[PDB]
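Spelled out from the first residue to the last, the chains are:
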Amino acid sequence: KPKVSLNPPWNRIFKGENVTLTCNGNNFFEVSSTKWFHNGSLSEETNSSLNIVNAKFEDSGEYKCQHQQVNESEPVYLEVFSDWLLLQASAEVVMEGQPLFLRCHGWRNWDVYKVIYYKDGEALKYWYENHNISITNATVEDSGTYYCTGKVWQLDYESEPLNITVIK
Ligand SMILES: *[C@@H]1O[C@H](CO)[C@@H](O[C@@H]2O[C@H](CO)[C@@H](O[C@H]3O[C@H](CO)[C@@H](O)[C@H](O[C@H]4O[C@H](CO)[C@@H](O)[C@H](O)[C@@H]4O)[C@@H]3O)[C@H](O)[C@H]2NC(C)=O)[C@H](O)[C@H]1NC(C)=O
Ligand SMILES: *[C@@H]1O[C@H](CO)[C@@H](O[C@@H]2O[C@H](CO)[C@@H](O[C@@H]3O[C@H](CO)[C@@H](O)[C@H](O)[C@@H]3O)[C@H](O)[C@H]2NC(C)=O)[C@H](O)[C@H]1NC(C)=O
Ligand SMILES: *[C@@H]1O[C@H](CO)[C@@H](O[C@@H]2O[C@H](CO)[C@@H](O)[C@H](O)[C@H]2NC(C)=O)[C@H](O)[C@H]1NC(C)=O
Ligand SMILES: *[C@@H]1O[C@H](CO)[C@@H](O[C@@H]2O[C@H](CO)[C@@H](O)[C@H](O)[C@H]2NC(C)=O)[C@H](O)[C@H]1NC(C)=O
Ligand SMILES: *[C@@H]1O[C@H](CO)[C@@H](O)[C@H](O)[C@H]1NC(C)=O
Ligand SMILES: *[C@@H]1O[C@H](CO)[C@@H](O)[C@H](O)[C@H]1NC(C)=O
Ligand SMILES: *[C@@H]1O[C@H](CO)[C@@H](O)[C@H](O)[C@H]1NC(C)=O
């Protein structure tokens, strides 16, 4: 029962960024003879850590790994974007009680100001120099559709909305 982890945790990234898919727990552990399936098609890498450089739209997809005598892992979907702002989430579905992290991410990692996170059309938090909103113990009320606004350079921009569910 293998589980694909990501680092950064962000599973929605901008074009050109880099992310690493570890076929297990911590990056302190290593292993050989691992299988990667991007969109179902077997990959050419075997290292348990499958890196991804200058993300191309084609990198968007369903990924999973498997071992010599083990059933393949639950798939993980990575989506690549091109836009001024991207709302990132630790996890899109969360079990009542777990942590939840949202991050208003600016293109090319630039800086964003006058940031405001929105939940269900309502203003929620506001900061000059942006900050990633975080939650330790998650309520079920926190489920909702988020999106953030911010000013980049000197213009205002709105992000794609993102639904989030907290089950119990
Ligand atoms: C595994 O399956 C995935 C399907 O979910 C594949 O991802 C899809 O990949 C295609 C091709 O890169 C991507 O389409 C892109 O190509 C368009 C023309 O080149 C480009 O214009 C699109 O982006 C822009 O245009 C659309 C329409 O106006 C906008 O909606 C976009 O926001 C943007 O402005 C686009 O990038 C698909 O989008 C992408 N699907 C998803 C859900 O992202 C993987 O390629 C496949 N893996 C492999 C290796 O085959
Ligand atoms: C994702 O990882 C890759 C690779 O580690 C990073 O790409 C690197 O990008 C720099 C540009 O910042 C490249 O070097 C620069 O090239 C220009 C022009 O050739 C030169 O003027 C600079 O002085 C510098 O040498 C570098 O080649 C490239 N590395 C590789 C291996 O391709 C990338 O930055 C990472 N993504 C992010 C968002 O950081
Ligand atoms: C092969 O996978 C290992 C992890 O299993 C990757 O190793 C990490 O590499 C960085 C430097 O690139 C080290 O600082 C880390 O300590 C390493 N971690 C471990 C667990 O050894 C390695 O990058 C992968 N190799 C390739 C070419 O993708
Ligand atoms: C996020 O979920 C919301 C509902 O919580 C979706 O919005 C509504 O979806 C229902 C589905 O039939 C429609 O009747 C409403 O008109 C939708 N409202 C709006 C303003 O779109 C929303 O589509 C979901 N978004 C994603 C990305 O799944
Ligand atoms: C492993 O896969 C087999 C079928 O290939 C399935 O019967 C079995 O339940 C799986 N292992 C676990 C722990 O579920
Ligand atoms: C922790 O989570 C449980 C349910 O998941 C809830 O009853 C409790 O109030 C939460 N703690 C806080 C501070 O919200
Ligand atoms: C918030 O964003 C910063 C980028 O400067 C990042 O280093 C940090 O890990 C993020 N914080 C959280 C709680 O994820």
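Reading the values: the criteria
Residues numbered from 1 in each chain as written, not as in the entry; some residues may be left out. Chains lettered and ligands numbered in written order. Heavy atoms only, no water. Patch = residues over 30% accessible without salt bridge, like charges linked within 9 Å, V, L, I, M, F, W, Y side chains within 5 Å. Areas by Shrake-Rupley, 256 points an atom, 1.4 Å probe, with all protein chains shown as cover. Salt bridge = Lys/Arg side-chain N within 4 Å of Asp/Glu carboxyl O. Helix = DSSP H or I, 4+ residues; strand = E, 2+ residues; numbered from the N terminus. Pairing = 2+ DSSP bridges. Core = buried A, V, L, I, M, F, W, Y, C linked by side-chain atoms within 4.5 Å. Buried < 20%, exposed > 50% of the residue type's maximum accessible area, 1.4 Å probe, protein only. Contact = heavy atoms within 4.5 Å. 1 Å grid on protein atoms, 1.4 Å probe; cavity = no way out; pocket = protein on both sides within 12 Å on 5 of 7 lines; lining within 4 Å. Points joined across faces, edges and corners; volume = space filled by probe spheres on them. Domains from an automatic or database assignment. Buried area = accessible area lost by both parts, 1.4 Å probe. Polar contact = N/O pair within 3.5 Å; in protein donor to acceptor, adjacent residues only side chain to side chain. Nonpolar A, V, L, I, M, F, W, Y, C, P; charged D, E, K, R; others polar.

By the method listed in its record, X-ray crystallography, this PDB entry was determined to a resolution of 3.20 Å.

A word on a nonpolar patch on the surface. Together, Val-93, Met-95 and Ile-167 make up a nonpolar patch on the protein surface, roughly 270 Å² of accessible area in all. Relative to the elements of secondary structure, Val-93 occurs in strand β11 (residues 93-95).

Before going further, it helps to spend a moment on the sheet that holds strand β5 (residues 41-42). Read across the open sheet, the three strands follow the order β5-β4-β8; overall the sheet is antiparallel. Each edge of the sheet is formed by a strand with only one pairing partner; in this case those strands are β5 and β8 (65-66). Pairing between strand β4 (residues 35-38) and β8: two bridges, direction antiparallel. Bridging across to β8, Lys-35 finds its partner in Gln-66.

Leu-85, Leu-87, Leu-100, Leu-102, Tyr-117 and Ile-164 are the most contacted members of the largest nonpolar core, which totals 20 residues. Listing elements by their share of this core, those giving two or more residues are β10 (85-89), β12 (100-106), β13 (112-119), β16 (144-152) and β18 (162-167). Excluding its chain neighbours within four sequence positions, the residues that come into contact with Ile-164 are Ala-89, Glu-92, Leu-100, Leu-102, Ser-143, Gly-144 and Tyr-146. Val-4, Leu-6, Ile-13 and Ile-52 belong to the second largest nonpolar core, which has 14 residues in total.

Empty space among the atoms can be located by rolling a probe the size of a water molecule over them. Volume-wise, the largest pocket comes out at about 730 Å³. In this structure, the largest pocket is lined by 18 residues; those nearest its centre are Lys-3, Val-76, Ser-90, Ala-91 and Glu-92. Mapped by element, the contributors of at least two residues to the lining of the largest pocket are β1 (5-7), β9 (76-81) and β11. Here the lining of the largest pocket spans two domains, since at least three of its residues come from each of domain 1 (1-81) and domain 2 (82-168). Considering only enclosed or pocket space, the second largest pocket measures out at about 160 Å³ in volume. Lining the second largest pocket, in full, are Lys-1, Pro-2, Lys-3, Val-4, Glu-72, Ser-73, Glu-74, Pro-75 and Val-76.

What follows is about the domain arrangement of the protein. The assigned domain composition of the protein is domain 1 (1-81) and domain 2 (82-168). Here domain 1 and domain 2 have C-alpha centroids that lie 24 Å from each other. Taken together, the ten residues of domain 1 in the interface contact 16 residues of domain 2. Contact between domain 1 and domain 2 buries roughly 1200 Å² in total, counting both sides, with carbon and sulfur atoms accounting for 61%. Interface area lost by domain 1 to domain 2 is led by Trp-10, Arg-12 and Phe-14, which between them contribute 66%. Run the count over domain 1 and domain 2 and you get zero salt bridges. Along the contact surface separating domain 1 from domain 2 lie three residue pairs in polar contact. Across the side of domain 1 that touches domain 2, the residue classes tally to six nonpolar, one polar and three charged.

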